[PDB]
Amino acid sequence: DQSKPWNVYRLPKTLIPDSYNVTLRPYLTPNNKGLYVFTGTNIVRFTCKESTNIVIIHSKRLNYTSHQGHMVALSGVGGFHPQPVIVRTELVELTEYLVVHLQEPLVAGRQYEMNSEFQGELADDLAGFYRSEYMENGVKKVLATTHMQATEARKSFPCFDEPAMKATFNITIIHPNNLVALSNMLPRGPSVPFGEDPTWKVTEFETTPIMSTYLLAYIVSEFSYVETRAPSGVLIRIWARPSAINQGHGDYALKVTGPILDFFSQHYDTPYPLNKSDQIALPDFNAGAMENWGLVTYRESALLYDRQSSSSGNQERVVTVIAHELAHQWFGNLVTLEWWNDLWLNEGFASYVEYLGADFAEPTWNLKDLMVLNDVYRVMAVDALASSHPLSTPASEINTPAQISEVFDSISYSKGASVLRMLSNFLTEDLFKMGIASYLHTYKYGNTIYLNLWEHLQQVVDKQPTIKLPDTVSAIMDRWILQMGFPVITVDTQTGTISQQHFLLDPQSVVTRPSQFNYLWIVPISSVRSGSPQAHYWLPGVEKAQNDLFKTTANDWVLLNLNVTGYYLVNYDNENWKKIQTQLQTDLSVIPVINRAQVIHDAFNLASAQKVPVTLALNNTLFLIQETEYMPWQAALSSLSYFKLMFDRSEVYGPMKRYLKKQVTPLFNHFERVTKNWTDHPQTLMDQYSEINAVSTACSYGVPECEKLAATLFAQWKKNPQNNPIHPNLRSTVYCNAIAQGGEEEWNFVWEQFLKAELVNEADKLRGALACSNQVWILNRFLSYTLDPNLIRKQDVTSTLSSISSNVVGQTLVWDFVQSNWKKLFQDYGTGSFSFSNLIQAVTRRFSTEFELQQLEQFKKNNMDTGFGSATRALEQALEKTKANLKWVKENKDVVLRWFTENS
Amino acid sequence: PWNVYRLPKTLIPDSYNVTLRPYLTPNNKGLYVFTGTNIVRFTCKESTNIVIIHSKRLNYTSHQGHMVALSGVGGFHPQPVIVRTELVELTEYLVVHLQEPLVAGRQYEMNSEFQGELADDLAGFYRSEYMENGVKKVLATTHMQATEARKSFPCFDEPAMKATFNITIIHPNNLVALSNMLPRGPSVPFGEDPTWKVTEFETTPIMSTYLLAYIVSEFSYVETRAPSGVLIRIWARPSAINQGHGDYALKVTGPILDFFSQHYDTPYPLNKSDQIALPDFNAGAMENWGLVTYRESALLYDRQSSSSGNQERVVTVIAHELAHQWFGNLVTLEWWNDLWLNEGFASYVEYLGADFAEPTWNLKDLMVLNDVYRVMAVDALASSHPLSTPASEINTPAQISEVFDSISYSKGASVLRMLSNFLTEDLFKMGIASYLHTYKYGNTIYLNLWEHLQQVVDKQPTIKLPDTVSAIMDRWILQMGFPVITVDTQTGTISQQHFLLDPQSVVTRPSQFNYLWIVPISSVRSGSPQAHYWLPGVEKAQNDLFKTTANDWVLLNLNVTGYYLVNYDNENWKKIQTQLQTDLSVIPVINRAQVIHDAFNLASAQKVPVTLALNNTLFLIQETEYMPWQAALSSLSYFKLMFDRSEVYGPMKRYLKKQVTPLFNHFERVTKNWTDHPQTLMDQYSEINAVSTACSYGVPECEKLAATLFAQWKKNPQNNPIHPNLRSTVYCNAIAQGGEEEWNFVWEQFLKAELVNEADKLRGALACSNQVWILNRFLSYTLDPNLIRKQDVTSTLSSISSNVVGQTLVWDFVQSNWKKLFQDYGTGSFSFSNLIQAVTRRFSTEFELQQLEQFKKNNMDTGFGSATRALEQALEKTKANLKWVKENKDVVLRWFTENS
């Protein structure tokens, strides 16, 4: 009954919390029933802003101890009549409410305190207050940890669990005397014994700042740490398993965390306000990392680093994730989204700002350039769908916890970053950061919506003469924030005519989301004419214009969007494309490296949408035979992976592989020479990445010299496994190829190494390579292990299922397994973020036939009893993509076959 | 009446004149067609104002306002008056509506002028094609069985409506026409066009429509005369005849025909028996009286390139078709529900004929593996059917087509083998001879047979039965299934019960005998024979023949002559197991196959623990005979289907590898490094299973043999160094361990392969690829009749499906291409039901059962045609498989692991 306030998914605006006291006691040994439990009490102090006879507060999977026949007690602060009288308390499970029914309405303007006493499960579900486990020598260790985002604080204590209901939190932790408690703040004093039980201690923490419930954290463990003070005086500690800390696996995080934090404080003119910032690595963690204010939590694989055994890509991951989480200390913690429909205000800012902090940390890596591959091109695939969504989705469309979990997606993260990058570029970053500092000073300890940003940027633009815009910030940026998608910008170099239209992967798909701007953008457009920079141009919100900047003669070409600073694709007339192709084949260095990736990426996007012939995208890969840079090869491999997914079960695959083998063999041989036969690996991060791509691609497509290298390294490893001779950058390729080329013996050896792998970086590589078996029975045995948490942690299941489905033989096995174990998978991941939508996308990627479309529709019908939870949009996108795939394969299978045959 | 599938009995034909003219080039509509005329002469037995006659996909040239003409033969008072004629497509009728009833006792002639397609559909009058040098050659040929004669001319197309047939063929002057009989004279030029000739054939004997045949081709022949004087000719593509590929069939055909004439004291009545090999043919072979048609793979034989199994196939199929000249042609089933009267006899008698031609091979013993154990898997289901199925269940052409199945063929053979054993063969054949003499040129019911058998039994004193022949044989004919005979050796208690693969299959088919049989039971005690015993039609009995002491074991059903399973108390099983480990030679080789086969069936159906069945395979490490290894590999193929996608498969492979490696080494020694293969057919077969099994389960020196032999062949393709007996394994294993290069080489060899024996081995090996993209590309080729002939599609699909990577690839393909496959095979025999069984046999999970049910109801508008029972059997088996895997996966993993 949606007329009742306790049956709708937004809290009343009538009661506003001020502060919370929460006391928690985890029990880290199971009870007589085999459960791990925690007990707690809390006090919520709120103000009645508007008269009401009910208290609606969030509560999820908590059992309450009743006091006077009621689940809570309630009183006005400091006596004052009338005192409230509870008629009854009820739990409403669907909307995750505790409802307190009062005999009289509360008094507007007064304060009340509600006391509860509760019990919950320290489950292995990675949500709320939960448990994490690890082996140390012989012993199974169990610890207690939290993850509140988005809607899980209510699972550890009753609270007004929405991000705009900020409060202060007074945390007390009751814990065994041999364990340490951590929280957002420092303890108020030394821990004293629990009077009721001296084998237990009590640790009480300083009051948090005004903050959102989803940012609370508390942890009880045996962990150790390493410690430094940042130049600013902020205390930095890196916490982890004692084995990890003693091996130095926390040292790299300790190196970069304090400097990045201080960089952000200075760069945005807003000092980090707390006295410390703990980073802690958890063995069981759903997301990867979480920005809890003062106590940032990480997957081990995102915080720990072994300078002998972790790869270069592992190290990039650590500094990027740390920079991301520290960026949240401003964008999310100090200033917070008003509601989850504006998630990009937190996640888009943090995903853009991570590159400035991580580039500060590791300037020689040139990390900023990877933003095009890692974010822009990551999200453009889904943002070309009619079933995408805008950065700022209308709020009443992101209501339920499943829909909230859903929007933690590539739009909110990576399109968020892409649009802020573009804004920063055309404003200049020095101007951008002044507007942001204004934004942050105005809204600190409060909440914002998309509009509040643009005033502060407009003022800095208006107060200086150099940088000017053809419109207001709000006119330009609203078009990027309130409507989904992005334009393709098409140039006729014979007339200079320039036009825009909403880019749709399937031109026959029906866009039903209306746009007040009719899917037109105001587009900033940089360009070069045969390498020479041109005047900057803005395309106004018009379908078509003309400018001689984009007209050429027979000896000149133009190239739009240098460095792909703007969030759009570019298409040209056929003659311009030919001139670009000739330049790439004559002297590729004339085209900047990012734009070499652009002409590959955009042509393949355009081909899949019937806007260029598929042979033009393929012709754009010919020059790779002389390219040694990482990014253009990575763009080609990512584009061609759509071809792999569409064709690796068909007659096209043979000719495909022979083409890729031909294109990559000189790159493989180039690295064999410059690394002196794989003994002296390259110096720059980019060249190391290019080397890894050369080795992975050469081995995947049958370069016998790469197959020899992998076989030889693996055979050497297996002769003495206490010494690993495989460079970590090469391990995934070597492990995968040894399993692919071998049988049960190689699989079992790798599985044994996995079971004893102490370092998660190494375990991850071993686990991934196990998906490379060509034996159905071995893949299905592997699949059975994923349902055993003694073998595969819950946090790794979805990643493992994805890797197995990437295997062409595992495609049908994982599809069948997901369908056969649906109910378990839905319970485990259906209300969480990332994993379940990742899984739906991974298992359906290949679908391209009428039969497979019908089977996906049947799958949807078979599971209407559960629905699709946090993968509901993902399933609609999978349907749209499958329909597009089916038509594209039918229209291009024969031309693609012919092209690979002729250019091989 | 025209809406019911059986003909009325009011009008009975006497004779037919049919003139057919095939056009072997397409017409202005792009079709290959034949034109024809016929005259059907029949007698009105009962007055009726309608003529209902069969007609299928024939277009008529009307005359005088009607689609046929109807004359009275000497009628003259009122000649019949046609009001209306119509075609009724569903029941495949042409219906003539008359103004007045036809007159009881008068004779009438119906005259028709028609056209039909010479389609590539392998049914009726159809076309077949082959390449010769560069030229595509097209010939016209027939296959009428069961209900396709109606697709070549209107006729009363039921087998008890026998008639004589006067065939005329108008054909191009460079081609020869053949039919059942010899021509009445030299061909004469077609007056209207002298590039065509006219060949008219002698009148056939009184016979069924489904046995008529006529062929127009450029084929060559070799010729001989049987010692009895019957002319024998073997016809095939000229290239094949010129290379000698018809010579082996020329050697054996005449002698086998004469053997049957003598053995049943009933002379073949025609002056010739042509055998002809067709490039496109659905069944394998067909017994048309005087003109027996064959797949090339069932008749042709190359001394240098065909294998030993290929040669056994030829002599056995020839013997089967010649057996039909008696069992089907001379005497014919009354209706298709009693098909076993034709093919049960043929499938049993083929062994006597083949044994006569090749007495050193010992082919009679192979009937236990090839027929008894083949059918026992299906006959252990609630969805089986009796040998004599109630006629109303066998009504439509789809139901008729489906009943050409392992029950009618292999249980029919098994039951008549039983009968021939417990009364002797010499007595059996005298009773058959009586039966044949009495009902020649007519049709029979099972009850006609028992009488003639009873007469011969009653004429001698030495063979005595516990009841009449009809009483005994009714239990094996009229109710489905077979008993498991259980022996408690501690007490001599012997009991019977209907054997059911899943104890919760719900038997809804009632039997008037309550599923009890009268069972002939042979036995030995520690190797030496006991007296014979008959278990009466009772659930339970006691006899000391089956009571033993601590130092004695018994064994029932010597050489598995009887159609039943045997189970014992655990103590007897252990003693039999000890005997196999002490001296396996004491248990006759066929019963060594029995103890493996029956235990595995018993294990699947809860009557023994699965570890008993697995323990009965332990002695194979010392066995070198073909038959017990073949029984084990056939029983274990169920374990492979159930487990080759699970953790169980690793240990199961390690166990098979252990058991077979000394047999492989044994053949590596006795063949002198694979240069001198065994002299005996049985030992050749044992060698083939050793190599195949060793390579399949990873004996590294078998893998080495195959890859080396294949590479050497590929280097020098004009010189094949692989002995034909080993090609299937070597080709498959080299494909499995190689990639596109190996696959593409085998495919081009296949496309150019002239000898179907060799094409078949190449084609089967292409299913061994472990590359999804290669298997899917292969699947796409099966839709192109320039690449895979229609006669080979379901074979290829089944082969790909057997590949564990091919399992879901074929399942998806069949569902996706349902419409064409249903059209091509859904109303014919063998192919469609084989396909359904093949693609589903792995199903063992709830999810797979749900997909099967969804498949059924996605197609219930079409139905499943001649795979309708097959689908119900697949549903029953899948449900049994789910429970069986649930109940046994852990014990089976443990046993394979512990036994290495």
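Residues numbered from 1 in each chain as written, not as in the entry; some residues may be left out. Chains lettered and ligands numbered in written order. Heavy atoms only, no water.

Q: Explain the overall build of chain A here, please?
A: A tally of helices and strands in chain A yields 28 helices and 31 strands. Scaling as 2.2 N^0.38, a compact globule of 904 residues should have a C-alpha radius of gyration of about 29 Å, and chain A matches this with 28 Å. Structurally, chain A occupies a C-alpha span of about 90 × 70 × 60 Å along its principal axes. Going through the 904 residues of chain A one by one, you find that 63% of them count as buried. A separation threshold of at least 6 residues defines the contact pool for chain A, and within that pool the share at least 24 residues apart is 72%. (Helix = DSSP H or I, 4+ residues; strand = E, 2+ residues; numbered from the N terminus. Rg over C-alpha atoms; globule rule 2.2 N^0.38 Å. Buried < 20%, exposed > 50% of the residue type's maximum accessible area, 1.4 Å probe, protein only. Contact = heavy atoms within 4.5 Å.)

Q: What am I meant to see in the state of the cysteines here?
A: Note on terminology: disulfide describes a covalent bond linking the sulfur atoms of two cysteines. Residue and element names in this part refer to chain A. According to the stated counting rule, one finds four disulfides over all chains in the structure shown. The residue that forms a disulfide with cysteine 736 is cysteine 772, at a sulfur-sulfur distance of 2.1 Å. The disulfide joining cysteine 736 to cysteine 772 has a torsion of about -105 degrees about its S-S bond and is therefore left-handed. Taken together, the positions of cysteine 736 in helix α19 (residues 728-741) and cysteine 772 in the loop between α21 (760-769) and α22 (776-785) put the pair 36 residues apart, joining distant regions of the chain. For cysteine 736, a relative accessible area of 21% puts it in the partly exposed group. Residue classification places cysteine 772 among the buried residues on the basis of a relative accessible area of 18%. Look at chain B and number its bonded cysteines as they come in the sequence; the links are 1-2, 3-4. (Disulfide = S-S within 2.5 Å.)

Q: Help me understand the packing of aromatic side chains, please; the structure alone is not making it clear to me.
A: Where two aromatic rings form a pair, the distance of their centres and the angle of their planes describe that pair. Residue and element names in this part refer to chain A. Within this structure, the stated rule accounts for 129 aromatic pairs over all chains. Pairing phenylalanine 263 with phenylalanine 360 gives two aromatic rings, centres 4.6 Å apart and planes at 20 degrees, and the pair type is stacked. Placement of the pair is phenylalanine 263 in helix α2 (residues 251-267) and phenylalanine 360 in helix α5 (residues 344-361), with a sequence separation of 97 residues. Taken together, the ring pairs in this structure connect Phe604, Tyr642, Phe643, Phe647, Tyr659, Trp888, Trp899 and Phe900 into an aromatic cluster. The ring of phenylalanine 749 has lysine 718 sitting right over it, with the charged end atom 5.4 Å from the ring centre. (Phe/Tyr/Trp six-rings, centres within 6.5 Å; stacked < 30°, edge-to-face > 60°. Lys NZ or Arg CZ within 6 Å of the ring centre and 35° of its normal.)

Q: What exactly am I supposed to notice about the domain arrangement of chain B here?
A: Reports of interface size often rely on the accessible area that becomes lost once the parts have come together. Assigned domains within chain B: domain 1 (1-217) and domain 2 (780-900). Summarising the inter-unit geometry, the C-alpha centres of domain 1 of chain B and domain 2 of chain B are found 38 Å apart. (Domains from an automatic or database assignment.)

Q: Just to check I follow, could you spell out the sheet that holds strand β20 (residues 295-299) of chain A for this structure?
A: Across a sheet, strands are paired by hydrogen bonds formed along the backbone, either parallel or antiparallel in direction. Residues and elements named next belong to chain A. Read across the sheet, five strands follow the order β16-β17-β18-β20-β19 without closing on themselves; strand pairing throughout is mixed. Where the open sheet ends on each side, the last strands, each with one partner, are β16 (224-229) and β19 (289-290). Those strands touched by α2 are β16, β17 (235-240) and β18 (276-282), and its axis lies near 150 degrees from that of β17. Helix α4 (residues 312-327) rests against β18, β19 and β20 of the sheet, and its axis sits at about 150 degrees to β20. (Pairing = 2+ DSSP bridges. Axes fitted to C-alpha atoms, helices over the stretch in contact; angles between N-to-C directions.)

Q: Sorry, what's going on with the side chain of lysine 765 of chain A here?
A: All names here are of chain A. Mapped onto the elements, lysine 765 comes out in helix α21. Despite its burial, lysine 765 pairs with no opposite charge, the nearest such side chain being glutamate 762 at 5.3 Å. Not counting the four nearest positions on each side in its chain, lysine 765 is found in contact with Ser311, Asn314, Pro728, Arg731, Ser732 and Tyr735. (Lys, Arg positive; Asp, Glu negative; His and termini not counted. Salt bridge = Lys/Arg side-chain N within 4 Å of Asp/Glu carboxyl O.)

Q: Which parts of the structure should I look at to understand the environment of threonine 146 of chain A?
A: Residues and elements named next belong to chain A. Tracing the sequence through the fold places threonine 146 in strand β10 (residues 139-147). Among the residues examined, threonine 146 registers a relative accessible area of 1% and is labelled buried. Sequence separation between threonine 146 and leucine 215 is 69 residues; the distance between their C-alpha atoms is 9.7 Å. Apart from residues lying up to four places away in sequence, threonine 146 is in contact with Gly128, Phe129, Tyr130, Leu216, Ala217, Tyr218 and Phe285. Among the polar contacts listed, one links the side chain of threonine 146 to the backbone nitrogen of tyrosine 218, at a separation of 3.2 Å. (Polar contact = N/O pair within 3.5 Å; in protein donor to acceptor, adjacent residues only side chain to side chain.)

Q: Would you take a moment to explain the environment of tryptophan 895 of chain B for this structure?
A: All names here are of chain B. Mapped onto the elements of the fold, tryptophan 895 is located in helix α28 (residues 868-898). Judged by relative accessible area, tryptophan 895 falls into the buried class, the value being 6%. Each C-alpha atom of the pair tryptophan 895 and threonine 611 lies 7.0 Å from the other, and the pair is 284 residues apart in sequence. The contact partners of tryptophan 895, leaving out residues within four places of it in the chain, are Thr611, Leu614, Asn615, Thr617, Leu618 and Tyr655.

Q: Is there a simple way to explain the UniProt feature "active site" in chain B in this structure?
A: Residue and element names in this part refer to chain B. Under the UniProt annotation, "active site" lies at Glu321. Considering the arrangement of structural elements, one finds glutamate 321 in helix α4 (residues 308-324). A relative accessible area of 3% means that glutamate 321 is categorised as buried. In this structure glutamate 321 touches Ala285, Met286, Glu287, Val292 and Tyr294, once residues within four positions along its chain are discounted. (UniProt positions renumbered as here; feature names shortened; annotations may be inferred.)

Q: Any chance you could explain the sheet that holds strand β3 (residues 54-58) of chain A here in plain terms?
A: Residue and element names in this part refer to chain A. Here we have three strands laid out as an open sheet, ordered β3-β7-β6, and antiparallel in their pairing. Both outer strands of the open sheet, β3 and β6 (86-92), are each paired with one neighbouring strand and no more. For this sheet the average axis-to-axis angle between neighbouring strands, irrespective of direction, equals 15 degrees. Bridge count between β3 and strand β7 (residues 97-102): five bridges; the pairing is antiparallel.

Q: For this particular structure, what's the right way to read the interface of chain B and chain A?
A: Listed by partner, the interface residues are 26 residues for chain B and 26 residues for chain A. Here chain B and chain A share an interface that buries about 2100 Å² over both sides, 54% of which is from carbon and sulfur atoms. Along the contact surface separating chain B from chain A lie two salt bridges. Between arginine 658 of chain A and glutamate 740 of chain B there is a salt bridge, with its nearest N and O atoms 3.9 Å apart. (Buried area = accessible area lost by both parts, 1.4 Å probe.)

Q: Whenever I open this one, the UniProt feature "binding site: Zn(2+)" in chain B confuses me. Can you help?
A: Residue and element names in this part refer to chain B. Taking the UniProt record as the reference, the feature "binding site: Zn(2+)" is found at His320, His324 and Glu343. Taken together, the annotated residues stretch across 24 residues yet fold into one region, lying no more than 8.5 Å apart by C-alpha. Assignment of secondary structure puts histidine 320 in helix α4. Among all residues touching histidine 320, those that are not within four sequence positions of it are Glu343, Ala346, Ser347, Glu350 and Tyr409.

Q: Before we go on, may I ask you to explain the pattern of salt bridges in this structure?
A: Once their charged atoms are close, side chains differing in charge can pair, the charge on each being opposite to the other. This model, assessed by the stated rule, comprises 77 salt bridges over all chains. Residue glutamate 113 of chain A pairs with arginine 45 of chain A through a salt bridge whose shortest N-O separation is 2.9 Å. In this pair, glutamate 113 of chain A is assigned in strand β8 (residues 111-121) and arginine 45 of chain A in strand β2 (residues 37-48), connecting sequence segments 68 residues apart. Residue classification places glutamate 113 of chain A among the partly exposed positions, given a relative accessible area of 23%. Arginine 45 of chain A gets classed as partly exposed once you look at its relative accessible area, which sits at 30%. Between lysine 151 of chain B and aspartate 121 of chain B there is a salt bridge, with its nearest N and O atoms 2.6 Å apart.

Q: Whenever I open this one, the pairing of strand β6 (residues 82-88) of chain B confuses me. Can you help?
A: Residues in a regular strand project their side chains so that they alternate between the two faces of the sheet. All names here are of chain B. Sheet topology note: the β6/strand β7 (residues 93-98) ladder contains six bridges and is antiparallel. By the bridge assignment for β7, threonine 85 is matched with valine 96. Connecting β6 to the next strand, β7, in antiparallel fashion are four residues, including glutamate 92 with a positive phi near 60 degrees.

Q: Would you mind showing me how to read the UniProt feature "binding site: Zn(2+)" in chain A here?
A: Residue and element names in this part refer to chain A. In this structure's numbering, the residues bearing the UniProt feature "binding site: Zn(2+)" are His324, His328 and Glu347. Take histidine 324: it is sitting in helix α4. What makes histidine 324 buried here is its relative accessible area of 8%. When neighbours within four sequence positions are excluded, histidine 324 is seen to be in contact with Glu347, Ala350, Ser351, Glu354 and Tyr413. Within the secondary structure layout, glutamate 347 lies in helix α5. Its relative accessible area of 1% is what places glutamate 347 among the buried residues. Beyond its immediate chain neighbours, meaning those up to four positions away, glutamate 347 contacts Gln149, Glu291, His324, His328, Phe408, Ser412 and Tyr413. For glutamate 347, the side chain forms a polar contact with the side chain of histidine 324, separated by 3.3 Å.

Q: Mind showing me how you'd approach the UniProt feature "disulfide bond" in chain A here?
A: Residue and element names in this part refer to chain A. Disulfide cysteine 699/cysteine 706 (UniProt): S-S 2.1 Å, present in this structure. By relative accessible area, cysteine 699 is classed as buried at 4%. The class for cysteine 706 is buried, based on a relative accessible area of 1%. Between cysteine 736 and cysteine 772 the annotated UniProt disulfide holds up in this structure, with the two sulfurs at 2.1 Å.

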